[PDB]
Every structure is written in structure tokens, then in C-alpha cells.
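Nothing in this text is a laboratory measurement; each read-out follows from the coordinates by a stated rule. No Cβ is skipped: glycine too gets one built from the backbone with ideal geometry, and neighbour counts run over all protein chains shown.
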Amino acid sequence: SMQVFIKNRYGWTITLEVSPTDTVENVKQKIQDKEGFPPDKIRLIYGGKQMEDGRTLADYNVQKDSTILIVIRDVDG
């Protein structure tokens, strides 16, 4: 019960109904379900910070109407 926007380099967005308790990986799993984007090729960025797979949206202060950027990357850290 929280709405977030995932934007790409072209400005195209996905809207996800998500729970604050979800991990970043869970969110990548939801993107794989809707887009076919393999989670291990997704990098998510919130307020300039790359989001780590094992932390939750609540941990990152992601709130209703927050925008997360998505880019294609295979090696993180």
C-alpha cells in the first residue's frame, strides 16, 4: 500500500504498488515480473545513492510518490 515510480534514461516510468517492508531485491523481482528485466541486470538509484539488494524501501526513506531511477548494469557496489 505505497505507490512508487521507477524511471529510466528515456523518462519512461513504471508504477509499482509496493510495501515499505519490501527489500530492494523484492522490488527488482517485481520489475522482472512486469518488464522481464533480469534483476541482476537492474541498478536502482534513489537520491543519487545506489540501492542495495538487502535493504528495505523504508530503510531508504522511499515514500509515496518517490521516484527511483533504473539503469542497466551487471556489476555493482
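Return a single number: how many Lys pairs in region 3-72, at a sequence separation of 8 or more or on separate chains, have alpha-carbon atoms below 15 angstrom apart. Kindly include the intermediate steps, with their values, before the conclusion.
Working: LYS7/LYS28; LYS7/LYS30; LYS7/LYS34; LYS7/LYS49; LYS7/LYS64; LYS28/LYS41; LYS30/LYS41.
Going through region 3-72 pair by pair, I get 7.
Relative contact order of the chain, please, whole-number percent, based on alpha carbon pairs below 8 angstrom and at least 6 residues apart. Please list the in-between numbers first.
On the way: 127 pairs, mean separation 31.2, N = 77.
Relative contact order for the chain comes out at 41 percent.
Using the 10 angstrom Cβ neighbour count as an exposure proxy, how do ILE72, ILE45, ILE31, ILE6 rank, fewest first?
Working: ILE72 11, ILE45 15, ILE31 19, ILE6 24.
With the sparsest Cβ surroundings first, the list reads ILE72, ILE45, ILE31, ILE6.
Give a quick list of chymotrypsin sites (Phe, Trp or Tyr not before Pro) in the chain that DSSP marks as loop, anything other than H, G, I, E or B, with at most 11 other Cβ atoms within 10 Å. Walk me through the numbers before you get to the answer.
Numbers: sites: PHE5, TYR10, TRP12, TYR46, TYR60; in loops: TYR10, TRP12, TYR60.
When the chymotrypsin sites (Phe, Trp or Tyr not before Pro) of the chain are filtered for loop state and at most 11 Cβ neighbours within 10 Å, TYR10, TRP12 remain.
Where nothing but the Cβ of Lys and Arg (+1) and of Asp and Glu (-1) is charged, how large is the charge dipole of region 3-72 around its Cα centre, in debye to the nearest 20?
280 debye
Count the net charge of all other residues whose Cβ sits under 10 Å from the Cβ of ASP53, scoring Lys and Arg as +1 and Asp and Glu as -1.
Surrounding charge for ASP53 is -2.
What is the projected area of the convex hull of the Cα atoms of the chain, averaged over all directions, in nm²?
Values: hull surface 18.1 nm².
Over all viewing directions, the chain projects a mean Cα-hull area of 4.5 nm².
Check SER66: other-chain or 5+ apart residues with amide H under 5 Å from its amide H, H built from backbone geometry?
Amide H to amide H, under 5 Å and 5 or more residues apart or across chains, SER66 pairs with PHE5.
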